[PDB]
């Protein structure tokens, strides 16, 4: 196997974007199904459908893939992904993570990734936000890693480290910003496990993930993190706990998409404000 994208392709996509927008972002944000609403908060907002952009992964009905939205968020030059790609849709990971390298070539230097996730930590609650300290890349252990294939030193090295993936600084500064909001629920912190889905975990699977020391489980994010780190982007991110994964057999309740979307709605505002304010803690470039 090999990544279908040459270095030229990534360059080409970047230059097309450079040519079609006056904006020069520093921060890339990937909005997890939870918070697509964040694009309202940008100013001088400029939108591209993924479908117009050269080399972008395609959805069968082109618009459902989503949009790149350049603008200013709280004084930071941002580019946001509204709509993202998952491996459970059929995308190889070198497609799932193609935007990330586009971003880097655009001059972006930081990545913010957000997502919804099911709560593995018994103490978490629906509505909680959990900062990401670390991850467990289960698909990666098997071979499903976005870097699989020949390495291009122009992006990064053959064997990058992931022990430092999630910026220590941004994580402290984020605990700050949370006192500033004066919230009843404390800001949570922990390990995100990626699994591929798309079906939901069984009781026995949940117990396995708990025992790996994971706190939250989703089906995205980790690959984008690995590619970001590979090419030198600073990374921060968090999860919205939309549900507490079913952990025993007597319970009559089931994990479902409607209630994940619903939970997304409650924490909607909360999340925007949160990310928006965090913007200011991001070091300026140079």
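Residue numbers count along the first chain shown, from 1. Here, rigid core means the biggest group of C-alpha atoms that superpose within 1.5 Å across both forms.
Core superposition of the other structures onto this form places the C-alphas of 260-268 farther off in 4 other deposited structures of this protein than those of the other stretch among 273-281 and 260-268. Once the rigid core is used to overlay the structures in 4 other deposited structures of this protein, the stretch among 64-72 and 44-52 whose CA atoms lie farther from this form is 64-72.
A summary of the deposited B-factors shows that, of 121-129 and 192-200, the stretch with the larger mean C-alpha value is 121-129.
When the two stretches 40-48 and 215-223 are set side by side, the higher mean Cα temperature factor goes to 40-48. As recorded in the PDB entry, 180 shows the highest C-alpha B-factor of the residues 137, 180, 151, 144. Note on 89, 186, 205, 157: the highest value goes to 186, judged by CA B factor as recorded.
In this PDB entry, residue 112 carries a Cα temperature factor that places it within the lowest third of its chain's modelled residues.
Residue 59: CA B factor lies in the highest third for its chain, per the PDB record. Sort the modelled residues of the chain by CA B factor and residue 170 lands in the highest third. In the PDB entry, residue 65 places in the highest third of its chain by CA B-factor.
Looking at the C-alpha B-factors along this chain, the one for residue 252 belongs to the highest third.
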